[PDB]
Amino acid sequence: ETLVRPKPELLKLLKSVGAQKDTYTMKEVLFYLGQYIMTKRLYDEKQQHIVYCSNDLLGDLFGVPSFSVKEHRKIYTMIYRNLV
Ligand SMILES: CCOc1cc2c(cc1OCC)[C@H](c1ccc(Cl)cc1)N(c1ccc(C)cc1OCc1nnn[nH]1)C(=O)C2
Ligand SMILES: CCOc1cc2c(cc1OCC)[C@H](c1ccc(Cl)cc1)N(c1ccc(C)cc1OCc1nnn[nH]1)C(=O)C2
């Protein structure tokens, strides 16, 4: 139920995929990031689970060049780095 306030860069990213809010549940953040990954085609066509964000704003925000979507605890850390 927790509402979080994204830092400026993550907030702009969320707004790029149609987010209209100031604060978000972690669920909404994950949905919007998933939409971002889909729209920017940061997932690989052939390779399961891996998101390639090295060329992308997302990579700048997360501080990694790639990650697996299976690693939920790591994903939470990467997002929380970008929350107030
Ligand atoms: C209540 C809503 O919850 C979630 C929604 C979404 C995800 C995880 C969630 O919750 C778990 C933390 C993840 C995802 C992973 C990491 C981030 Cl940086 C962003 C989004 N995703 C997603 C993105 C890419 C790929 C290849 C599979 C995905 O998703 C199936 C998948 N996820 N894990 N295995 N398969 C979404 O499109 C939305
Ligand atoms: C109550 C919160 O729980 C946890 C949170 C986190 C982790 C483990 C947890 O609990 C298990 C010990 C682990 C991690 C591993 C060891 C330590 Cl020395 C520090 C952090 N991690 C994490 C860090 C780096 C990498 C490359 C992957 C990670 O994570 C994979 C991963 N594991 N599960 N999903 N993704 C986190 O970013 C947060």
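The numbers in full-length UniProt numbering rise by one with no breaks, and the one at position 38 of the sequence shown is 62.
The beta carbon of each residue, even a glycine, is placed where N, CA and C say it ideally should be.
In the three-state DSSP reduction, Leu66 falls in the coil class, being neither helix nor strand.
With respect to the C-alpha of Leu107, the residue from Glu25, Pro30, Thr26 having the closest C-alpha is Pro30.
Residues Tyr60, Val75, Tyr76, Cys77, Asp80, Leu82 of the same chain have their beta carbon placed closer than 8 Å to that of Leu66, with the five preceding and five following residues left out of the count. Under the three-state reduction of DSSP output, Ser40 falls in the helix class. The set of residues with CB atoms less than 6 Å from any heavy atom of ligand 1 reads, in chain order, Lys51, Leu54, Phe55, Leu57, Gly58, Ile61, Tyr67, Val75, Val93, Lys94, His96, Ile99.
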